[PDB]
Each structure stands twice: as C-alpha cells, then as structure tokens.
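Got a structure for you, questions after.
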Amino acid sequence: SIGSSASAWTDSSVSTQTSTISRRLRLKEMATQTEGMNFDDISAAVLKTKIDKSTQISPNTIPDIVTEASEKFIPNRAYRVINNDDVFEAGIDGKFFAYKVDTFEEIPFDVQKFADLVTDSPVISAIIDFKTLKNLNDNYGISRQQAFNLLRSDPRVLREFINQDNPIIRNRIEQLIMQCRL
Amino acid sequence: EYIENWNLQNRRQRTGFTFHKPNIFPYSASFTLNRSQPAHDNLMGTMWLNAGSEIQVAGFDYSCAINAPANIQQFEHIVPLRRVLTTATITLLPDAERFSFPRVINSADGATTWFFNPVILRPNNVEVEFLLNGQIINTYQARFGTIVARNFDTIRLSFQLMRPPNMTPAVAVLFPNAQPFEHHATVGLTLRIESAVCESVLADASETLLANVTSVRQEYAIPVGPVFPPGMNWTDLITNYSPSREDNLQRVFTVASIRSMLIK
Amino acid sequence: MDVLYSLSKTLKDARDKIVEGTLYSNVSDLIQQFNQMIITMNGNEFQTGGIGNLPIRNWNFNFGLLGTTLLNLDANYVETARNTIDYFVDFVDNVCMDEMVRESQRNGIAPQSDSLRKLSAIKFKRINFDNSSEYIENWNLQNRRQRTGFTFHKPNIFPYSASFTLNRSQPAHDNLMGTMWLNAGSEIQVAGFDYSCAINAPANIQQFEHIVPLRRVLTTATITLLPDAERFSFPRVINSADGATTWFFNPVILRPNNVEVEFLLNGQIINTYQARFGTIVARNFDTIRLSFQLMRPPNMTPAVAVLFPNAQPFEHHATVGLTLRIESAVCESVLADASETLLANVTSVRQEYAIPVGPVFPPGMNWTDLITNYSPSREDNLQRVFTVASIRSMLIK
Amino acid sequence: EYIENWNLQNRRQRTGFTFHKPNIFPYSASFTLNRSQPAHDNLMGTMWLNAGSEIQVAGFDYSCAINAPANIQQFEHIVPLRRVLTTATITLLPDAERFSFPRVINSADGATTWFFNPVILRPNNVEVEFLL
Amino acid sequence: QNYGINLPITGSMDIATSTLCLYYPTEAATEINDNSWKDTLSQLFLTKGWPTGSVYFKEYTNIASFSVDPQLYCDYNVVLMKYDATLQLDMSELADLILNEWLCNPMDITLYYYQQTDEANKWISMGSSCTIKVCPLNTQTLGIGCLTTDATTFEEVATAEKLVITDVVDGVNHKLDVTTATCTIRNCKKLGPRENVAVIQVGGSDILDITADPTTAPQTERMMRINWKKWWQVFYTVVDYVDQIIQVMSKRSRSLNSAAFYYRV
Amino acid sequence: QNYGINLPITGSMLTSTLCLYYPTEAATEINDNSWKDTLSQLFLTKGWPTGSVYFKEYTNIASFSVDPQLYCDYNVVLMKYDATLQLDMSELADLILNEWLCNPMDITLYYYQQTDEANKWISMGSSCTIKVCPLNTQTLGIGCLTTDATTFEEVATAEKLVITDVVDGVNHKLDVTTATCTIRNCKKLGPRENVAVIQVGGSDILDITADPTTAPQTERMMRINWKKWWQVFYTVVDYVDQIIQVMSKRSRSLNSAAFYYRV
Ligand SMILES: [Ca+2]
Ligand SMILES: [Ca+2]
Ligand SMILES: [Ca+2]
Ligand SMILES: [Ca+2]
Ligand SMILES: [Ca+2]
Ligand SMILES: [Ca+2]
Ligand SMILES: [Zn+2]
C-alpha cells in the first residue's frame with residue numbers, strides 16, 4: 001500500500017515506486033480515465049499515418065504492426081495529477097516532480113499524496129513534460145490560460161504553439177513522435 | 001542558547017550547539033559484497049547500519065580468510081557527515097550486536113535471498129580515524145571505550161579478520177578449507193557519539209524542537225512547502241541538508257524554543 | 001578561580017543583556033559590575049601561553065568605563081561595549097586554555113597558569129559577582145571542605161574492560177564453566193556460562209558472581225537492570241587466557257535464576273534487590289555484586305533435551321546473563337558523562353596545541369587509564385581543569 | 001520547572017514536564033502463543049520486552065508461513081501508556097536484538113521448557129500507529 | 001557491461017524457460033517396461049509447470065560407464081545414481097566430478113614430472129582402463145621407494161578404473177606410469193561447487209565423500225537420497241518434488257554472461 | 001601443591017610423535033618392503049622430522065581390541081569397515097577415544113553393580129563370555145539361579161573386547177571365562193583427544209555412547225572411501241595437518257594403555 005488506501009492502482013525508493021505506479025497508470029488511458037490528449041492518441045495517429053504511407057505492408061503484416069505499435073510506441077510516458085494548485089508528475093523512467101501551477105517552482109515530491117490522488121482523480125498525459133514547461137516559461141511569457149491549458153494537455157494550445165513555431169514545444173513533440181518505434 | 005547563537009551568527013562570530021546523541025547520521029542499513037556468487041554460498045563484504053548517533057559495521061568472510069594474503073581480510077567503512085562536529089565524545093566498542101545473529105537477507109537486486117550465519121571473532125588491527133577535509137585529525141588504533149574527536153567531518157573505520165593461527169578442535173571444525181561454509185567469520189565495530197558540538201542545528205535525543213515543529217505542522221495540516229521534505233522527515237532533511245534548509249531549520253528551531261519558553 | 005569565573009560570568013551577562021534598545025534599568029547593576037571589573041583590571045598586564053604550541057600572548061588593559069546616561073541603549077553603546085567585551089573574552093579564553101593545558105603532581109587544586117596565579121591576588125577579589133554554576137559552586141564547597149556533588153547522566157565510571165574468567169577448563173576448551181563481562185562507561189553486561197548445563201553440579205545449579213568495585217562512591221543512582229546480556233548471546237571464537245589458542249563459545253540463553261544485585265558501601269549491604277528487574281534505586285554504594293544461577297530446567301521438551309545431553313559432546317552451552325545500566329547518579333568527585341563536554345574540551349585543547357604528556361594525567365587524557373588510577377592528585381587536577389573548562393565554555397561556543 | 005508546573009496545576013492551567021527517555025512503560029517481558037502444542041516444536045506467536053522507554057517486540061513462526069495464506073503471517077503488539085505523551089521524538093529500528101539468539105523459555109504454565117532458535121528476516125508492511 | 005573485473009555490489013537491507021536433464025540407469029527403463037514412459041513423465045512435468053519439450057531424459061548403462069567423461073548440458077541436471085555397497089568410492093568420485101567445477105590442464109607423463117601445488121589440486125583420469133602408478137622423487141629427482149626406470153616398483157593407486165581422482169602428497173615431484181593408450185589423465189583444480197547438477201541416490205546409507213580432506217565429509221543440499229522398490233515410484237517422487245529439487249539446485253555460475261573472462265564454459 | 005587448579009584463570013577478549021595403526025592387509029596389498037621409509041620421507045616433506053613417525057600393525061580389529069596400546073603423542077588408527085563387526089568397531093572406538101578409569105572385579109567372590117550411567121564393565125582377553133544374573137534385594141536371582149550358571153543370561157560370547165552395560169542400582173552375579181578374559185569395572189572420565197580413528201569404508205556407524213538417544217560424531221572420527229591402501233596412506237600423509245589440528249596432544253598419558261588402573 002504505497003498510498004493511504006490500498007488500491008490495485010498503487011501497488012531510489014521514490015523513483016522505483018513512482019516508476020511502477022506510472023507503468024500501471026499507462027492503463028488509465030485504456031480505461032478512459034484521463035483528460036486531454038493521450039500518448040496513445042499520438043501513437044494511434046502516427047500508426048495510421050505510417051500505415052497509409054507505407055508501400056511494404058501486407059494484410060498479413062498489419063495485425064503484427066498494429067499490436068507492436070500499441071505495445072511499444074512511446075515507451076517513456078509521464079502522467080500528472082493536479083490537486084488545488086499542486087502538480088505531481090511521474091514518469092515510467094523514475095523521474096518524479098512536484099511543483100506549483102502558478103510559478104512552476106519545484107516542491108519536495110510527496111509519494112503518498114501522489115498515490116492517493118492518482119488512485120481516482122483524473123491523470124493527464126504529460127505531452128509537455130515539466131522540464132519543457134519550465135523551459136518554455138523561462139524563455140517565453142506563458143499566460144495563465146496558456147499554462148492552464150498546457151498542463152491540462154489542451155490540443156488547441158498545443159497546436160497553437162506548434163503553429164507559432166515554438167522551438168521548445170516543437171522539439172518536445174518531435175521527440176514524442178520519434179519515440180514511436182518498432 | 002538558541003537566541004545566543006542567533007545573535008552570534010548575526011555578528012558573524014562562531015556559533016555552537018551542544019547535542020546529546022546528535023542525530024547526524026541519516027538512517028542507512030546496507031551491505032556491500034566485495035566477493036559474490038549467484039548462490040551466495042561464499043561471500044566477503046561489509047554490512048552496516050548508520051542511524052542517529054550510532055554506527056554499527058561488520059565485515060564478514062565466509063572462507064575466514066583461508067586463502068587471503070597473510071590469512072587477513074581487510075574491511076573499511078567510510079561515513080561522511082553532513083556537518084562538521086567538534087569536541088565529540090564517542091564510545092567505540094569492538095562488537096556489532098546487530099549483525100551477530102542468523103539472518104536471511106535479500107540480495108542486492110532483490111531477486112533472491114541469502115543466508116548469513118555469523119561466528120564472531122575479535123576485530124583485528126582496529127583503526128578509527130576522524131578526518132577533516134581528508135586530513136586525519138584524530139586516530140585511535142586498537143583502543144576502545146571513551147575517545148575524543150576534537151574536529152572532523154568523516155569517520156574511517158578500518159578493521160581486519162585474521163584467521164586464528166592456533167585453533168582448538170572445535171574452532172578447527174568450525175572453519176574448513178573446503179567450500180561448504182556453515183559458519184561465517186564476522187568482525188565488527190560499534191561507534192556511538194554520546195555528545196558533540198556543531199555549528200549548525202541538529203536534532204538530538206534530549207531536545208524537543210524538531211518534535212515541536214513537526215507536531216505543529218501536522219496538527220494544522222500545513223501543506224508541503226518548498227524547503228522541508230514531506231512531514232519534516234528528519235532522514236531526508238539530514239540527507240539533503242542544504243544551506244537553505246539549514247537556514248529555515250534554525251529559524252523554526254529558534255521560534256520553537258521561544259514558544260516553549262511560554263507553552264508547556 | 002572564582003575571579004576567572006566572575007570575569008566569564010560578567011562577560012556572558014554583558015553579551016546577553018547589553019543589546020540595542022534595551023532599558024538602562026535592565027543593565028544598571030550589570031554595568032556597575034562591569035565597571036568594577038574594568039577598574040580592577042586596568043593597569044595590569046598578563047601573559048598567556050608558552051606551553052607546547054599554545055602561542056604566547058601579552059594582554060594589556062586600558063578601557064574607559066561604560067556610560068551610565070542613556071535611557072535606552074543605542075548602537076553606539078553596544079558597539080563600545082562589544083569592542084571591550086571581545087577583548088576581555090579573548091583574554092578569558094586564553095587564560096582558560098593555559099590553565100587547562102597544565103597539571104601539577106603537588107598542589108593540583110591550586111592555580112597553575114601565571115595569569116590565574118595573578119588573578120588569585122587579593123586586589124582582584126572585588127571581581128567576584130556570583131557563583132551560580134554547578135561546577136563553581138562545587139569548587140567553592142570543596143575549598144570549604146563541605147560536601148559536594150555532581151549530577152551525571154550515564155556516568156563514565158567503569159573503565160573499559162572486556163574479559164572472561166574460567167573456573168573449569170581443559171586444554172581443549174570443550175567443557176568450560178565461567179563468566180564473561182563487559183564494563184564500559186555506565187554499562188555492565190555479565191554472562192555466566194556452563195557447557196555441561198549443570199548436569200553434575202550440586203542441586204543442578206551453577207553459581208556465578210561478578211563483583212565490580214567503583215573508584216568513587218555514587219549516590220542516589222537510578223539503575224536499569226535487565227535479565228539478559230545481549231552481548232554474550234551469539235557464537236564466538238575467543239583467544240584463550242594466554243593467547244596460545246582459541247576456543248568456541250556457542251551459547252543458548254536461559255533465564256538467570258536467583259538473581260541478587262547488592263549495592264555495598266564499604267562492605268555493608270546498603271541496597272539489595274532479589275529477582276527485581278527494571279528501574280531500581282541505589283542510594284549510596286561503592287561496589288556492585290551481581291549473583292545469578294544457572295538452573296538446569298527440571299522439565300524439558302524433546303528439543304531442549306536434545307540440546308542438553310549428559311555426555312561430553314556439548315554442542316550448545318547454557319548461558320545466563322545480567323545487564324546493569326546506570327542512568328543517572330551523583331558523585332562527590334568529577335567524572336565524565338554522556339551529556340557534558342568537559343572531558344572533550346580538555347582533551348581537544350591539549351591535542352590541538354600538542355601539549356606534551358605531563359606527570360599527572362595519562363597520555364591523551366585516556367579516560368580508561370584515568371578512572372582506573374583515579375588518584376587523589378589526579379582528582380584535584382581533573383576538577384581544576386574541568387572547572388576552568390566549564391568557565392571557558394560559558395563564553396566560547 | 002517543577003514549581004512552575006505546581007503553580008500552573010494549582011491554577012488548573014497547562015502542565016508540562018520534558019523527559020529524556022521517560023519511564024512510561026512498566027517492565028513486562030512476556031510471550032504470546034497463537035499456535036502451539038505440548039511439544040513446542042511448531043509455534044507461532046510474539047515475544048516482547050517493554051521496559052523504561054523501549055519496546056522490543058519480535059513475532060516468530062516456526063513453519064515460516066509455509067501454509068499461511070499468501071505466505072504472510074501477521075503480528076500485532078499494542079502498548080497502552082498510562083499517560084498521554086506529546087511531542088515525542090521516537091526511534092524505530094527494524095530488528096529486535098533481544099530475541100535474535102537461541103534460548104530456552106519456560107512454558108506459559110511453567111510445566112516444561114521449549115527451545116527457540118531464531119533466524120531473523122526483514123519485517124515487511126511495518127506500521128506504527130500512535131493513537132489517542 | 002564491464003566484463004572481467006570485480007566491482008563491489010551495494011545493496012539495501014530496507015528494500016524488499018529452463019531445461020531439465022534427468023539421468024537414469026538402464027535398469028530403470030527395463031523395470032518400467034513401457035515405451036511411452038518418457039512421454040508420460042513429460043506430460044506429468046507439464047502439469048508441474050515444465051513446458052513440453054523442456055525435459056530431456058538421459059540413460060546410462062552403469063555408473064562405471066557414466067563416469068567416462070560425463071557431460072551434463074542443461075540448465076538443471078538431476079542424476080539418479082544407484083547405490084552399491086561395492087562401489088562407494090566410484091560413486092563418491094563420480095559425485096565429486098559432477099557436483100564440483102574442475103579447471104583441468106593437460107598432463108604429459110612421458111615428458112614432465114608432476115606435483116600437486118595445493119589441497120585443491122588433484123589428478124583426474126578418465127577412460128576405458130586407467131591404471132595409475134606413481135613414483136615420488138626426492139630433491140635429487142631419484143625415486144623414493146621406486147626405481148625411476150623400472151615401472152614395476154611404482155606404487156599402483158588405481159587399476160582398470162573408468163574414473164579416478166588421485167591425491168598424492170603435495171610439493172613432491174612424481175613420475176607417472178599411466179596407460180595413456182586407453183586413459184587420459186589431467187591436472188585438475190577444484191574451483192568451487194557446480195550448482196547446475198544434483199544427485200539423488202537411490203538406496204544406501206549416505207556414503208558420499210566429495211572432499212579429499214578426511215576430516216570433512218560434507219553433505220551438501222544437492223546430494224539427496226531415497227529408499228526405493230519401484231522405479232515408477234522413484235520417478236513419481238522426482239516429478240512431484242521437482243520444485244524442491246530445482247530450489248535446491250541453482251543456475252550454473254560459470255555459464256552466465258557475468259562469467260565471461262572468468263573461466264566461462 | 002596442585003598445578004594451580006582451584007584458582008580462577010582470567011583472560012582478555014615436530015617434537016611430537018605420530019603413531020599410525022593399520023591392519024596387516026594394508027601392508028599385504030602394498031607389498032613394498034620400503035613403504036614405511038617412503039611414508040616417513042613424505043611425512044618429512046609435510047614437516048615431521050625423521051624419527052618421529054612410527055607405524056604399528058594389528059592383524060584384525062578383534063585382535064587389536066585385546067588391550068590396545070597408545071604410544072605416540074598423536075595416534076591415528078585405521079580400521080577397515082566390516083558390516084558384521086559394527087559393535088566391535090564401536091567398542092574399540094569408544095575404548096580408545098574416551099578415557100577410562102578401571103578397577104579389578106573378582107567376580108568369583110563378590111556381586112557387582114554399576115553406580116551410574118558413566119560406569120561400565122570392560123572385558124578384554126583371548127575369549128570372553130559374560131553371563132550375568134541380576135539379584136533382588138534379598139540377593140536371590142531374578143530369572144536365574146545363583147548356584148546354576150546355565151540359567152544366567154548371555155551378554156557376550158567369545159568376544160575379545162566387551163563393554164557390558166547392565167541396569168544401574170541392581171547387583172549382578174557374574175560368570176566369565178577368567179582364564180582367557182579379564183573383567184574390569186571402568187568409568188568413562190571423558191574424551192581422549194590424542195587418538196583419532198579414520199574408518200575405511202562403511203557408512204558412519206560408530207556409536208561411542210552407550211545411551212541409545214545419542215550417537216555423537218566427534219571431530220576425531222573420520223571416514224574415507226577407498227580402493228587402494230596406497231591412496232589411503234597418501235591421503236593421510238597429505239592431510240596430516242588437518243588430522244593433527246583436529247586432536248590435542250596434551251591428553252597423552254604416561255603409560256601406553258587405554259585406561260587408568262585404580263589411579
Ligand atoms: Ca573410480
Ligand atoms: Ca616401490
Ligand atoms: Ca595432494
Ligand atoms: Ca566386542
Ligand atoms: Ca535365565
Ligand atoms: Ca549401567
Ligand atoms: Zn541519554
């Protein structure tokens with residue numbers, strides 16, 4: 001029981017625990033308990049695009065490719081939970097952050113509170129992770145609405161920044177895409 | 001004392017806090033295997049617990065240094081400190097009680113478990129050194145009881161397992177030269193800082209300042225702030241005892257002393 | 001010594017009380033004492049050091065008095081006061097270090113440093129203020145030959161001693177009866193072992209006695225007595241009495257039987273505790289006698305029966321134990337304890353300034369040797385150095 | 001401190017004494033057997049010593065939870081203090097050195113004696129609750 | 001992947017597909033007298049959890065024939081040795097050879113005199129008919145109680161043996177008269193235990209001595225014994241407790257990737 | 001004064017001789033007249049100076065059991081295992097691995113009882129035949145007639161060495177072939193740590209304790225599997241260090257006898 005209550009969702013020590021919890025959280029997307037975009041939304045889009053492009057895909061090969069894409073695309077996934085002006089973000093690779101929504105200032109991570117929140121509260125895929133968010137805030141004047149939407153994984157704001165040609169967000173999305181390997 | 005040290009620090013004069021059993025060591029129970037096999041039948045290494053003011057270390061060798069050079073195995077244990085202690089009185093005893101019993105211990109990677117069945121021998125060529133900036137400030141060889149370290153930031157404990165050159169039949173049967181090692185030679189040391197003086201604030205066994213601050217925060221459900229770890233965990237505080245953490249800790253401890261002057 | 005303590009106390013009061021913005025009524029009497037000190041010290045010259053690596057320093061005193069005109073102390077007043085107090089505190093520090101690094105085989109209670117000898121003159125007696133600290137209070141009582149007492153938490157009374165005695169033995173060390181003990185600081189751990197488990201002993205009981213005499217009389221001591229000695233409860237390979245060979249010790253712990261702890265003062269039974277464990281009180285004693293028995297269990301289950309045979313091959317050795325911790329005590333003499341830092345301070349000053357070994361204390365102020373031979377001369381010197389160390393720590397952090 | 005608490009108690013105000021290692025636990029060295037039989041060769045239970053300011057407890061099982069559900073055996077130890085403590089600094093350590101060596105213990109009724117030969121494992125799911 | 005160097009491994013005390021070869025004598029198959037018995041045991045092992053095709057059954061006519069360079073290729077090997085009051089030394093030597101890891105170098109008895117360096121070094125000879133006759137030499141390289149030229153004077157320490165483990169006095173040169181025609185003798189050194197293979201003797205009274213030292217005759221976990229009357233019952237017992245047998249055994253240390261440059265197989 | 005006994009002892013926390021007893025069949029198989037010299041030279045390499053290792057030959061276990069003699073500081077006895085001689089081997093091992101204090105038993109005139117569990121009757125001779133008759137309180141026989149030997153109970157027949165253990169606290173009328181046997185009332189003082197026995201073959205069947213609940217295996221009781229006596233002797237020579245380390249020379253007695261006689 002990592003958190004206060006013993007749930008099947010929440011079954012360096014902090015790095016290990018958060019990595020395991022995030023690996024389980026990957027199934028929250030399948031369970032449809034998320035907000036905003038999803039890593040598997042990006043993966044499905046990339047899979048469709050590549051399948052349409054490819055000239056060396058046979059009908060007997062499509063099932064294997066689809067299964068591999070579902071199981072492999074974006075191995076490194078990060079999930080965040082927002083709780084009354086506090087954000088807890090955890091990745092499958094053992095990177096965990098805790099910060100304030102307004103100022104993006106790091107706070108000591110609380111594994112127990114993170115587990116309690118992630119048990120039931122919606123989990124937002126960190127399409128724009130904390131490092132990229134802080135870099136973007138430092139080098140650009142993110143508005144309050146822009147920060148809110150980026151934390152909530154707003155497709156509108158994400159496309160807005162891509163069209164504006166923000167190098168930081170474009171690099172982040174490019175890394176996400178390139179991680180869709182087989 | 002606390003307001004005295006506050007004013008002295010403001011005046012840039014050297015401060016000083018006297019602690020009984022200072023809580024300077026972050027809790028850390030671990031082992032290191034210098035020689036290992038997947039079966040864990042024949043192990044050599046060290047096994048320690050650092051907590052509060054006590055270090056308990058034990059070197060173990062399953063072969064009892066049968067093939068070691070000069071029938072001697074050397075174990076070392078280096079414990080750094082997050083803050084410099086001065087004029088510390090320490091009790092150094094030649095056996096580690098904690099690691100002198102049969103144990104089943106999970107392996108380094110946690111995949112499996114191994115059996116530790118110690119038989120205690122006297123530590124050999126014990127050398128306890130208190131070093132400041134890598135320079136030996138104090139050193140005591142083969143001396144136990146009460147010792148004094150006037151100024152230091154790390155402790156280096158060196159000891160040896162020597163195969164008894166002469167053994168009675170019971171001991172000879174105990175230590176074979178073959179593989180199956182039913183009894184594993186173990187030596188160890190215990191080192192407790194009874195009292196010390198530090199330029200920075202610390203928790204200790206005779207004060208209640210950490211308890212007061214943690215109690216107030218818990219009672220009023222203060223959200224985790226940007227400085228202290230969750231729940232004012234002393235292990236984390238003393239592990240990453242950063243300068244900002246030290247500043248905030250001294251402020252809160254001084255306030256807690258001021259409050260305890262009036263509240264029971 | 002009282003003059004030195006008065007200087008330290010008045011400087012400490014000055015640093016604590018002479019702070020910006022305070023009323024002059026809070027510091028009127030303190031400033032009168034301070035001006036008395038300045039007037040008594042002006043025109044005198046002192047010299048501290050010259051032993052080992054302790055530097056030789058010359059101290060001169062020419063200080064104007066502190067004013068007596070402000071309603072509330074201001075920044076100027078505090079600056080003047082602190083500029084004077086820093087010099088005075090440095091002088092006190094060096095006087096205390098010079099006194100601590102010195103010892104004498106004859107008249108060890110008397111001052112040894114030149115500066116403290118100078119301060120022992122009558123002209124400085126006017127700087128006496130009050131003697132409120134425990135150490136200075138006991139210093140004065142000892143000077144008056146009155147009863148003294150220091151309260152110690154975990155007194156460091158027992159010199160380190162980890163040893164064993166064998167009452168039955170063979171060259172093979174396969175059937176042994178005896179005792180093992182560790183006495184350190186304020187802790188006694190004793191174990192009585194019998195390899196035969198009293199199979200043939202009369203009444204199937206083996207008697208064990210451990211007599212620990214103290215080098216000083218303790219009074220009103222709280223003691224924790226526990227029915228086992230964890231330090232002698234695991235397998236051991238112990239080198240024999242002469243170091244010629246090694247013997248094996250594989251203990252099995254049974255409860256100690258007929259436990260009697262006697263606290264005797266000059267051979268008279270002051271306190272006796274029969275089969276009582278936990279917190280006990282020894283009001284006055286100079287020796288501890290722990291008596292315990294190993295009784296062969298009259299009824300054994302098959303496992304215990306297999307453990308304890310009637311033939312020679314004793315694989316498991318029956319063992320009983322007692323632990324005795326002295327939590328607090330009062331001693332008319334000075335000792336080292338787990339709370340104070342006076343032994344630490346004296347040792348640290350001597351080590352820092354590379355003071356050569358003297359004729360009184362053992363090298364490096366080894367507490368084990370000191371308390372093993374706690375001579376009256378050593379006690380006088382130790383009280384002197386500890387009192388001056390407390391005076392010093394009153395000002396130096 | 002003591003006169004101040006005396007006056008506060010007379011006024012019926014707050015009282016407080018600060019203790020280093022308070023002697024709050026009456027001496028109690030005992031054991032409880034939840035599974036047992038006359039041979040005392042397959043025992044499950046807990047043995048403890050509460051003394052002064054230290055609780056030292058150890059749960060033992062001879063079968064090592066071979067037949068237990070999920071290969072887990074639970075142990076509990078409740079120590080009720082006779083007075084309410086506050087702002088207490090406590091040290092918790094994961095082994096009971098006092099119950100880690102072989103020993104021979106009298107039975108609950110004292111009829112016979114039984115052998116305890118511990119091998120020490122790491123306690124998992126350690127929970128410490130301070131209740132009021 | 002730092003191979004070939006020993007780095008200390010640090011762990012914390014707060015933290016919390018294979019194949020099975022089963023060697024049996026021909027007497028077992030003869031008594032069973034069923035052609036499908038191996039398939040039956042494969043299905044039973046499958047129920048126990050061993051996927052079909054992961055259990056191999058090996059047969060040897062006798063301990064004497066099996067001792068001729070026994071090769072055990074499997075993640076886990078279980079040898080059903082059969083006790084014989086006349087073959088205690090043969091069983092002990094076979095068990096030592098298979099249960100322990102030996103690093104062996106060639107011997108040229110026609111070209112070099114030989115001595116054993118330490119207590120862990122023996123001479124292992126295998127073949128159709130190994131007859132080992134030694135002659136110790138003094139400092140002058142002259143035989144002690146044996147004329148060097150004349151081989152009859154030598155001291156016979158084996159005769160028509162399929163397998164022999166000879167332990168001569170250490171530090172003294174020896175001249176050997178092995179029958180190289182039908183025997184190969186190697187200078188072997190015992191490095192440690194082989195966790196891959198375990199022996200389950202059937203019958204007898206625990207008479208295996210796997211240490212040259214006479215003061216010690218250890219009984220490791222990999223050495224087991226069972227009383228028997230029916231080979232069907234023996235095989236059922238092995239199948240039913242294969243979990244315990246595998247737990248007693250362990251994966252061969254020298255075969256793991258970590259063994260690279262440390263005398264890997 | 002005694003050797004400082006009764007006074008507590010406090011502490012702080014080559015020249016010897018090696019006798020090697022072997023059966024005749026070992027020499028018969030080796031068939032080399034110089035094998036004793038060869039073994040002495042090998043012991044010299046191991047570290048035993050020439051003239052310090054002596055080899056003793058006994059025909060059989062039964063013949064050796066007739067009043068065995070222990071000569072050197074360290075004695076190493078090789079007994080070949082025989083499935084039908086387990087009790088004889090156990091008795092020989094007991095006699096030579098434990099110290100005994102024996103007294104005469106003139107059974108032709110007195111009744112004898114065993115005081116306690118440590119007391120036994122040791123019979124040694126060319127051929128011994130012990131017949132015992134327990135006696136009740138009135139001195140009459142329990143299941144036997146004192147005046148009729150044939151009613152006595154057989155406890156041993158034509159045995160070179162017998163260790164009889166009758167019920168303690170009850171007198172016995174004994175009948176033995178005194179002409180070819182000597183019976184002694186012996187007491188087991190304790191282990192004799194200067195004698196070790198290396199059984200050759202078998203399966204650890206030595207029981208040196210009359211108690212049935214205990215069959216201990218001391219460090220001085222070893223076992224080896226063998227096919228060549230040359231290999232056995234090479235093993236002994238090469239591991240002489242371990243064998244000696246297992247035994248203590250201090251237990252040697254002034255007389256080369258397996259027991260003390262009214263000492
Ligand atoms: Ca063979
Ligand atoms: Ca020859
Ligand atoms: Ca050899
Ligand atoms: Ca017989
Ligand atoms: Ca009859
Ligand atoms: Ca009897
Ligand atoms: Zn304390």
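The chains referred to below are lettered A, B, ... by the order of the sequence lines, with proteins before strands, and numbering in each begins at 1. What you see below is based on every heavy atom in this structure, not just the backbone, and it leaves out hydrogens, waters and symmetry mates.
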Item to check | Close contacts, residues 249-264 of chain B versus chain D, judged by heavy atoms under 4.5 Å | outcome: B:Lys264
Checklist entry - Just wondering, more than 12 heavy atoms not from D:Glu1 lying within 6.0 Å of its CD? => result yes
Item to check | Among the listed options D:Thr86, D:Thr18, D:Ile90, D:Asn5, the residue most often paired with chain B at heavy-atom distances under 4.5 Å | outcome: D:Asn5
Checklist outcome for this item: Residues of residues 202-222 of chain B with a heavy atom under 4.5 Å from any heavy atom of chain D, in residue-number order, are B:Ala205, B:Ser206, B:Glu207, B:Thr208, B:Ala211, B:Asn212, B:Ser215
Item to check | Which portion of D:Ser100 sits near chain B, non-hydrogen atoms under 4.5 angstrom | outcome: both
Checklist entry - With a 4.5 angstrom heavy-atom cut-off, which part of D:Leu93 approaches chain B: side chain, backbone, both or neither? => result both
Checklist outcome for this item: Taking a cut-off of under 4.5 angstrom between non-hydrogen atoms, the residues of residues 32-47 of chain D near chain B are none
Checklist outcome for this item: When rounded to the nearest 0.5 Å, the distance separating NZ of B:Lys21 from OG1 of D:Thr91 is 9.0 Å
Item to check | Check: B:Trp234 and D:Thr89 side chains under 4.5 Å, non-hydrogen atoms | outcome: no
Checklist entry - Any residues in residues 101-129 of chain D near chain B, with a heavy-atom distance under 4.5 Å, and which are they? => result D:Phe101, D:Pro118, D:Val119, D:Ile120, D:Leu121, D:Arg122
